[PDB]
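Residue numbers (UniProt numbering), protein chains in the order written: chain W, 2 to 130; chain S, 5 to 131; chain Z, 2 to 130. Heads up, the beta-carbon is just placed ideally off N, CA and C, and yes, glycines get one too.
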């Protein structure tokens with residue numbers, strides 16, 4: 002038969018309309034698209050560099066979680082894609098203000114480039130309660 | 005409750021990975037390259053041709069599990085060059101036209117076989 | 002409602018306290034953090050290059066699997082992150098010694114840099130029996 006996919010959407014977080022969904026929920030599992038440090042009000046990356054962008058990516062992720070009836074506690078795995086491996090600690094310090102206990106599994110590493118010239122992209126898997 | 009669908013119509017690295025693993029209702033699909041099994045080589049024509057062939061390969065694996073593109077819930081698009089982003093998205097959109105997967109996309113240094121694009125995916129089977 | 006999350010822990014694999022859990026198990030699915038070729042006893046990457054590091058990364062992953070009551074046969078998907086794509090065969094040659102049949106799905110690619118200067122990092126998803 003068909004598959005019961007859900008597509009929770011919020012205009013408070015970015016999307017590439019017609020290319021990807023902010024998130025897809027199937028039964029208990031929520032796949033969240035890679036989040037960038039974009040401000041939906043401006044359509045541009047926030048200023049201030051990797052720390053500001055990482056914070057805004059996680060703010061964006063939180064709006065998507067909330068649209069599905071979830072919160073940061075629901076995240077079970079993230080991948081932190083960095084423009085510069087040197088930013089590991091500074092990004093971790095931002096990250097821990099969102100995931101402060103019961104931490105997701107994680108991988109973090111430096112890639113060549115991200116969409117929109119971003120300095121960080123964060124994807125996630127969450128599970129519904 | 006764990007299946008390993010295989011199709012000779014898509015590539016594999018025998019003894020290294022399965023094309024896909026179906027466990028419960030979730031299907032994990034290996035990173036697909038723009039390889040043509042008939043020639044044993046990457047298709048000619050550049051990143052658009054390779055991205056299309058990768059997605060054709062993914063479709064053959066999906067069909068081997070009784071699925072189609074609608075079952076895909078998440079993909080990761082790995083590019084050799086971020087300058088190919090628009091051209092790859094245009095090909096990508098011809099396979100996923102609504103109810104789109106979640107997605108991550110980024111440029112890496114290099115891919116197996118010298119490919120210009122690799123696409124991995126998670127799909128979910130319907131009841 | 003809250004989602005029920007379990008965090009396998011082994012003293013035989015690394016952990017970044019306050020940043021990530023070695024793995025998260027939710028409703029039979031286990032997300033394993035990216036593993037480097039780190040020797041917990043020495044606090045350093047092992048001697049011997051990418052093949053020694055890949056072996057240690059997989060040994061570490063196996064100890065985390067054991068903490069969840071799992072083994073290598075429970076792994077359903079891995080991602081192999083390389084410092085150098087020319088190491089592909091060498092890493093495959095170590096990787097295949099840990100799986101004999103019913104192999105995980107896999108993705109592999111060369112990144113710019115990994116934490117600790119590692120030459121290879123392997124993340125995984127597993128499913129409990």
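Got a sec? Which residues, its chain only, sit under 8 Å from residue i by beta carbon, not counting five neighbours each side?
i, result
"residue 72 (chain S)", "63 and 66"
"residue 92 (chain W)", "51, 52, 55, 81, 83, 109 and 121"
"residue 117 (chain Z)", "37, 39 and 46"
"residue 103 (chain W)", "74"
"residue 101 (chain Z)", "none"
"residue 113 (chain W)", "none"
Among residues of its own chain, excluding the 5 on either side of residue i, which ones have a beta-carbon nearer than 6 Å to its beta-carbon?
i, result
"residue 59 (chain W)", "99"
"residue 36 (chain Z)", "58, 61, 62 and 123"
"residue 31 (chain W)", "24, 69 and 127"
Excluding sequence positions up to five away, which residues of its chain have a Cβ less than 7 Å from the Cβ of residue i?
i, result
"residue 13 (chain W)", "41 and 64"
"residue 106 (chain Z)", "77 and 78"
"residue 68 (chain Z)", "9, 10 and 11"
"residue 47 (chain W)", "38, 40, 53, 54 and 57"
"residue 18 (chain W)", "none"
"residue 2 (chain W)", "none"
Given a threshold of 16 other Cβ atoms within 10 Å of its Cβ, counted over all protein chains shown, does residue i qualify as buried or as exposed?
i, result
"residue 1 (chain W)", "Absent from the structure is residue 1 (chain W), since the part of chain W shown begins at 2 and ends at 130."
"residue 6 (chain W)", "buried"
"residue 49 (chain W)", "exposed"
"residue 22 (chain W)", "buried"
"residue 44 (chain Z)", "exposed"
"residue 125 (chain S)", "buried"
Less than 8 Å between the beta carbons of residue i and residue j, yes or no?
i, j, result
"residue 20 (chain Z)", "residue 127 (chain Z)", "no"
"residue 9 (chain W)", "residue 26 (chain W)", "yes"
"residue 111 (chain Z)", "residue 86 (chain Z)", "yes"
"residue 90 (chain Z)", "residue 75 (chain W)", "no"
"residue 70 (chain S)", "residue 129 (chain S)", "yes"
"residue 28 (chain Z)", "residue 29 (chain W)", "yes"
Give the DSSP bridge partners of residue i, in chain order.
i, result
"residue 125 (chain W)", "W:33 and W:79"
"residue 27 (chain Z)", "Z:30"
"residue 45 (chain W)", "W:40"
"residue 6 (chain S)", "S:27"
"residue 13 (chain S)", "Paired residues: none, contrary to the question."
"residue 56 (chain S)", "Paired residues: none, contrary to the question."
"residue 111 (chain Z)", "S:114 and Z:83"
"residue 106 (chain W)", "W:78"
Members of the segment 100–121 of chain W near chain S, C-beta cut-off 7 Å: Flagged, chain order: 112, 113, 114, 115 and 116.
Selection of the segment 16–42 of chain W by Cβ proximity to chain Z, strictly under 8 Å: Hits within the stretch, in order: 29 and 30.
Interface positions of the segment 55–89 of chain S facing chain Z (Cβ-Cβ less than 8 Å), listed along the chain: Of all residues in the segment 55–89 of chain S, 80 and 82 have a Cβ within less than 8 Å of some Cβ in chain Z.
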